[PDB]
Amino acid sequence: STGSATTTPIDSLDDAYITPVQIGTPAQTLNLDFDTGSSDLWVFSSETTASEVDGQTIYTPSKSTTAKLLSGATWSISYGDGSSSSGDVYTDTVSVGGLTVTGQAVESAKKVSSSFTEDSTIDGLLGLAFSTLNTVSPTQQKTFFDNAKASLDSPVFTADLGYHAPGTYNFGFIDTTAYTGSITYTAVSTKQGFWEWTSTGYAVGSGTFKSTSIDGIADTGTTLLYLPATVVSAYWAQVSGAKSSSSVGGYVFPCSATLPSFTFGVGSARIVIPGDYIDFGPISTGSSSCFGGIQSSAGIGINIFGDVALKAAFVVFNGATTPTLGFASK
């Protein structure tokens, strides 16, 4: 089997991407944030505190003939950005782009933090990291991909995120028409539950590539590219007027600037992030100062190849017995 679903930016800056997911019988379609940096599938629901719901589409398990309550199970998650959610647990039929999983854990939110409430476009998250990070208690549950794996033609999914445009999540096959050149594969560590790999280095604009190991995670659920302070400083030093602002909370630059590209290494291959991908717009409405899309990971504890980086590539998440990551230009 295979699945193929279009993923769409939630706003003009590609702050996140949403993908329609069918849940239950008859289908209830919710727009979820596919997150390769977490491992819970959770949704706004008929159980979410009413005052914490504002515009989202909710899952109503009592209207699904295939919903089953996982007795006594609970879940509770906290994300990098400090947002959180928690609730109880159902299993139900979940389909993504034609690919159906029966008995998928669907984590129903009783409570969500404000940043979730305040984002009317995201109805929940679908985690695609390793199931060892799943927060369901007392018994951890499997991700959509884990559950689907054995049925897929190939044990893979791919992310093809668009710059200011829709893209695609495929399950079970590699669309050889979706990238240029070849896919370069690189080793993954699952020791922290993430799609963790080691980049071979970077270049800033037309500068010569610096060979240096950068351990980090491929994370579709993080907007920006977060890298070591050395790397990030070298980048913004090439942008006139750029500086790190503690009050704004990162590197900012004049909105009139032409940003250089940023290159990261995948083995002996290279992925070039165009300068325009690194512009995340005015720091506030009407400001002539703009917020950078490459920021320091210092204080996070891990480097994160988020959307800014991933949308420059066609990315293979290879869930074979020994998992790997593949990157191609496109």
# chains A, B, ... in the order shown; residues from 1 in each chain; ligands from 1

call {"tool": "residues_around", "arguments": {"residues": "residue 303 of chain A", "least_positions_apart": "2", "cutoff": "12 Å", "atoms": "only C-alpha atoms", "output": "PyMOL selection string"}}
result
chain A and resi 37+80+194-199+213-219+222+224-229+231-232+294-301+305-306+309

call {"tool": "select_by_dssp", "arguments": {"residues": "segment 82-230 of chain A", "states": "strand (DSSP E)", "output": "ChimeraX atom specification"}}
result
/A:84-96,99-112,124-127,156-160,167-171,184-187,196-204,210-218,225-227

call {"tool": "atom_distance", "arguments": {"atom1": "atom CA of residue 242 of chain A", "atom2": "atom CA of residue 281 of chain A"}}
result
13.6 Å

call {"tool": "closest_residue", "arguments": {"among": "A:25, A:36, A:48, A:140", "to": "residue 304 of chain A", "atoms": "only C-alpha atoms"}}
result
A:36

call {"tool": "closest_residue", "arguments": {"among": "A:328, A:125, A:12, A:187", "to": "residue 270 of chain A", "atoms": "only C-alpha atoms"}}
result
A:328

call {"tool": "select_by_dssp", "arguments": {"residues": "segment 79-303 of chain A", "states": "alpha helix (DSSP H)", "output": "ChimeraX atom specification"}}
result
/A:114-117,144-148,229-236

call {"tool": "write_last_selection", "arguments": {"atoms": "C-alpha atoms", "output": "mmCIF file, in the first residue's frame"}}
result
data_model
loop_
_atom_site.group_PDB
_atom_site.id
_atom_site.type_symbol
_atom_site.label_atom_id
_atom_site.label_comp_id
_atom_site.auth_asym_id
_atom_site.auth_seq_id
_atom_site.Cartn_x
_atom_site.Cartn_y
_atom_site.Cartn_z
ATOM 1 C CA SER A 114 -2.750 29.075 24.543
ATOM 2 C CA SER A 115 -0.519 28.910 21.471
ATOM 3 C CA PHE A 116 -2.655 26.013 20.203
ATOM 4 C CA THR A 117 -5.947 27.724 20.992
ATOM 5 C CA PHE A 144 0.885 6.337 12.288
ATOM 6 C CA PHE A 145 4.037 5.465 10.321
ATOM 7 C CA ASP A 146 5.034 2.648 12.677
ATOM 8 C CA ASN A 147 1.556 1.140 12.429
ATOM 9 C CA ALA A 148 1.489 1.500 8.638
ATOM 10 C CA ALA A 229 26.222 29.845 17.447
ATOM 11 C CA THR A 230 29.465 29.773 15.472
ATOM 12 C CA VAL A 231 27.700 28.755 12.264
ATOM 13 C CA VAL A 232 24.855 31.197 12.767
ATOM 14 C CA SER A 233 27.238 34.078 13.487
ATOM 15 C CA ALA A 234 29.192 33.334 10.306
ATOM 16 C CA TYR A 235 25.932 33.500 8.369
ATOM 17 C CA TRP A 236 24.560 36.789 9.665
#

call {"tool": "residues_around", "arguments": {"residues": "residue 102 of chain A", "least_positions_apart": "3", "cutoff": "10 Å", "atoms": "only C-alpha atoms", "output": "mmCIF file with N, CA, C and O atoms, in the first residue's frame"}}
result
data_model
loop_
_atom_site.group_PDB
_atom_site.id
_atom_site.type_symbol
_atom_site.label_atom_id
_atom_site.label_comp_id
_atom_site.auth_asym_id
_atom_site.auth_seq_id
_atom_site.Cartn_x
_atom_site.Cartn_y
_atom_site.Cartn_z
ATOM 1 N N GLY A 24 -11.917 8.286 11.876
ATOM 2 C CA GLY A 24 -13.193 7.714 12.247
ATOM 3 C C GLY A 24 -14.116 7.276 11.123
ATOM 4 O O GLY A 24 -13.802 7.402 9.940
ATOM 5 N N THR A 66 -16.143 3.433 14.805
ATOM 6 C CA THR A 66 -14.942 2.641 14.964
ATOM 7 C C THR A 66 -14.048 3.149 16.101
ATOM 8 O O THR A 66 -13.006 2.563 16.375
ATOM 9 N N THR A 91 -8.599 4.712 20.121
ATOM 10 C CA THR A 91 -8.096 4.200 18.866
ATOM 11 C C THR A 91 -9.215 4.341 17.850
ATOM 12 O O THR A 91 -10.397 4.243 18.178
ATOM 13 N N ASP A 92 -8.835 4.595 16.611
ATOM 14 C CA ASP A 92 -9.810 4.752 15.553
ATOM 15 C C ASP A 92 -9.101 4.551 14.229
ATOM 16 O O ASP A 92 -7.870 4.461 14.185
ATOM 17 N N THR A 93 -9.884 4.465 13.160
ATOM 18 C CA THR A 93 -9.350 4.329 11.819
ATOM 19 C C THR A 93 -8.846 5.681 11.343
ATOM 20 O O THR A 93 -9.570 6.664 11.398
ATOM 21 N N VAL A 94 -7.601 5.717 10.889
ATOM 22 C CA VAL A 94 -6.981 6.953 10.429
ATOM 23 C C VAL A 94 -6.443 6.740 9.029
ATOM 24 O O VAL A 94 -5.687 5.793 8.784
ATOM 25 N N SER A 95 -6.809 7.636 8.122
ATOM 26 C CA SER A 95 -6.325 7.561 6.755
ATOM 27 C C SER A 95 -5.643 8.854 6.360
ATOM 28 O O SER A 95 -6.138 9.948 6.649
ATOM 29 N N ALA A 105 -3.833 4.960 17.626
ATOM 30 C CA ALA A 105 -4.054 5.779 18.815
ATOM 31 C C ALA A 105 -4.275 7.214 18.399
ATOM 32 O O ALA A 105 -3.418 7.830 17.774
ATOM 33 N N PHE A 144 1.566 6.687 13.527
ATOM 34 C CA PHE A 144 0.885 6.337 12.288
ATOM 35 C C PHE A 144 1.850 5.589 11.362
ATOM 36 O O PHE A 144 1.503 4.553 10.805
ATOM 37 N N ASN A 147 2.689 2.040 12.619
ATOM 38 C CA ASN A 147 1.556 1.140 12.429
ATOM 39 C C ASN A 147 1.425 0.747 10.961
ATOM 40 O O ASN A 147 1.103 -0.400 10.641
ATOM 41 N N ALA A 148 1.661 1.716 10.073
ATOM 42 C CA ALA A 148 1.489 1.500 8.638
ATOM 43 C C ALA A 148 2.642 0.727 8.000
ATOM 44 O O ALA A 148 2.452 0.103 6.965
#

call {"tool": "closest_residue", "arguments": {"among": "A:126, A:257, A:165, A:283", "to": "residue 14 of chain A", "atoms": "only C-alpha atoms"}}
result
A:165

call {"tool": "residues_around", "arguments": {"residues": "residue 322 of chain A", "least_positions_apart": "3", "cutoff": "10 Å", "atoms": "only C-alpha atoms", "output": "JSON, numbers by chain"}}
result
{"A": [187, 188, 189, 190, 318, 319]}

call {"tool": "closest_atom_pairs", "arguments": {"of": "segment 70-100 of chain A", "to": "segment 44-47 of chain A", "cutoff": "10 Å", "atoms": "only C-alpha atoms", "output": "Markdown table"}}
result
| residue | atom | partner | partner_atom | distance |
| --- | --- | --- | --- | --- |
| A:85 | CA | A:44 | CA | 9.7 |
| A:87 | CA | A:47 | CA | 8.3 |
| A:88 | CA | A:47 | CA | 8.9 |

call {"tool": "write_last_selection", "arguments": {"atoms": "N, CA and C atoms", "output": "mmCIF file, in the first residue's frame"}}
result
data_model
loop_
_atom_site.group_PDB
_atom_site.id
_atom_site.type_symbol
_atom_site.label_atom_id
_atom_site.label_comp_id
_atom_site.auth_asym_id
_atom_site.auth_seq_id
_atom_site.Cartn_x
_atom_site.Cartn_y
_atom_site.Cartn_z
ATOM 1 N N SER A 85 -0.127 20.114 25.636
ATOM 2 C CA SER A 85 -1.483 19.590 25.575
ATOM 3 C C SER A 85 -1.564 18.239 26.289
ATOM 4 N N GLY A 87 -4.602 14.827 27.542
ATOM 5 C CA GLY A 87 -5.944 14.277 27.519
ATOM 6 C C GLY A 87 -6.014 12.777 27.667
ATOM 7 N N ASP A 88 -7.048 12.175 27.078
ATOM 8 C CA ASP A 88 -7.229 10.725 27.123
ATOM 9 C C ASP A 88 -7.040 10.166 25.714
#

call {"tool": "closest_residue", "arguments": {"among": "A:163, A:17, A:75, A:202", "to": "residue 312 of chain A", "atoms": "only C-alpha atoms"}}
result
A:163

call {"tool": "atom_distance", "arguments": {"atom1": "atom CA of residue 58 of chain A", "atom2": "atom CA of residue 41 of chain A"}}
result
13.6 Å

call {"tool": "residues_around", "arguments": {"residues": "residue 317 of chain A", "least_positions_apart": "2", "cutoff": "8 Å", "atoms": "only C-alpha atoms", "output": "ChimeraX atom specification"}}
result
/A:156-159,195,315,319,323-326

call {"tool": "write_last_selection", "arguments": {"atoms": "C-alpha atoms", "output": "PDB file, in the first residue's frame"}}
result
ATOM      1  CA  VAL A 156       9.512   4.954   4.052  1.00  0.00           C
ATOM      2  CA  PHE A 157       7.821   8.271   4.039  1.00  0.00           C
ATOM      3  CA  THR A 158       8.958  11.388   2.237  1.00  0.00           C
ATOM      4  CA  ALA A 159       8.602  15.113   2.931  1.00  0.00           C
ATOM      5  CA  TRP A 195      15.521  11.459  13.100  1.00  0.00           C
ATOM      6  CA  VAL A 315      13.615  14.245   2.182  1.00  0.00           C
ATOM      7  CA  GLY A 319      12.168   3.427   8.464  1.00  0.00           C
ATOM      8  CA  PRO A 323      16.804   3.764   9.622  1.00  0.00           C
ATOM      9  CA  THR A 324      18.432   6.382   7.392  1.00  0.00           C
ATOM     10  CA  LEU A 325      17.649   9.831   5.973  1.00  0.00           C
ATOM     11  CA  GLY A 326      17.854  10.751   2.334  1.00  0.00           C
TER      12      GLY A 326
END

call {"tool": "atom_distance", "arguments": {"atom1": "atom CA of residue 43 of chain A", "atom2": "atom CA of residue 123 of chain A"}}
result
5.9 Å
